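Before any questions on how it binds or moves, here is one chain, the form deposited in one PDB entry, in structure tokens.
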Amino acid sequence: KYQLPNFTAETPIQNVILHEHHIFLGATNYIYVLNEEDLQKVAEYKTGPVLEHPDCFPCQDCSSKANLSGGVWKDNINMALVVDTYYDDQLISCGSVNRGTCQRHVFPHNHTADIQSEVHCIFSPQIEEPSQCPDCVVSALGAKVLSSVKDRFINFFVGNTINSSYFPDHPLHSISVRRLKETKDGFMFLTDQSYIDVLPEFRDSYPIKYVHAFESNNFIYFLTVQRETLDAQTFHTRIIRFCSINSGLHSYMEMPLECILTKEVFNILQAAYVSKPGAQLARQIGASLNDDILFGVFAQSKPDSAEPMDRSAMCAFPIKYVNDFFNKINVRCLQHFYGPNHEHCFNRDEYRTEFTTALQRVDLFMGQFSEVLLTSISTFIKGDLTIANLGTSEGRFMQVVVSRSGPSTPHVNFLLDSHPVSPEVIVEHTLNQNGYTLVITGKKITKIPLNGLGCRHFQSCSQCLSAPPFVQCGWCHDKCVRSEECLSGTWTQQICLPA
């Protein structure tokens, strides 16, 4: 039980963004602005509920139409939250309402907390090809948004979950790339290769979940949870990779990912975090100190389903070695996009690839979390060490050392909230790696420090001396404390006698 900076929203928090010492929370019907220091609410923006109407088009406020004959009230579930610093500093928010439209919140010159003064809706009426909706960005069933400045333009890599729900003039794409017009008035697709969608025949039978998305070495990566095959009854985790070109999705290849236990397959990814390795771990897995490593939290599947079994494993995939496997040549055509029997498959940028063999790694915690469901992960370096901030389905938060050779006891281990921990994380590194972590639990956000959570929790001399050096713990006759707080003076970090 700890007294840490905390904030409780009226509605559940979906997204979190940090910009210029402020915490931006993408929650249901609200965007909250919090102070970085004490998590105190500085401002709020009401994004909902929104009154939906087929006649009242996106981005236009139908407040008068509340007294209708065909209008419905819908909750604005925040699907995406982004800070654009390339153009005039602004916050981009995309919600489930108004066919997944986005809106930019322009910050006044010296007031980051002001998210009310200048709000522009990103929607332009289509005249060239009304069959396409580039401003219809986000899906309500699930959406992952990754933005990046590419070729002097802000690009939006959007992964959307889809079902057979047909929408005329305003449809949604599975994996796509669109750029903001320099006028800031709307998005636009460049070619027909700017999107890769599931065939109408498999839209409901083949669901796709976009768990994580990142940009590394000019490549765009998407982490997916989808069926092993179109006709398969079991689920899979796939890594999606494509060329970071504005013009479209080039060199699109998808290979499976597996987290094995010495053979036990943790086929379903719950959360992912990309970061550099610690000196010890770098050497352990054959990686440089400047190498990007995909840290994936995986879980065993309920037979023939996608829901997890409360059995987890975590293994590291260095992006260098990930690319090595993509370059290595066996290979199948993209079955959800192309016909499973069409001419493109009977051949061999233009063509879409699907790998048959999975890239696999052994659980770095060596079956330590094989009895719990891990729902959150964020990695960080402290000296030679690599530490993982772990979230559980029970609401447990923990900090534990990551090492290829043997698991460790978590230094921090406590019940944060009754609600599971959100995969939406933030790690801040302030001068000499002594920063914090922003952890979500339902409608609560907590600021946990990176240098541990005290010392007085270690019951025995064994647990006290097993603690990493940055915690600066030591045994003082009967209590685990810091050097400066040892009454008697019998303070050691080396010897445990029969106490």
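Don't overthink the numbering: it's just position in the shown sequence, from 1.
As for the form deposited in another entry, it is not shown, yet the points below apply to it.
- Rigid-part assignment between this form and the one not shown: residue 458 and residue 413 are grouped in different parts by superposition fit.
- By 3 Å or more, the C-alpha separation between residue 463 and residue 381 grows in that other deposited form relative to the form shown here.
- Whereas the shown form places them at one spacing, the Cα atoms of residue 366 and residue 474 lie at least 3 Å farther apart in that other deposited form.
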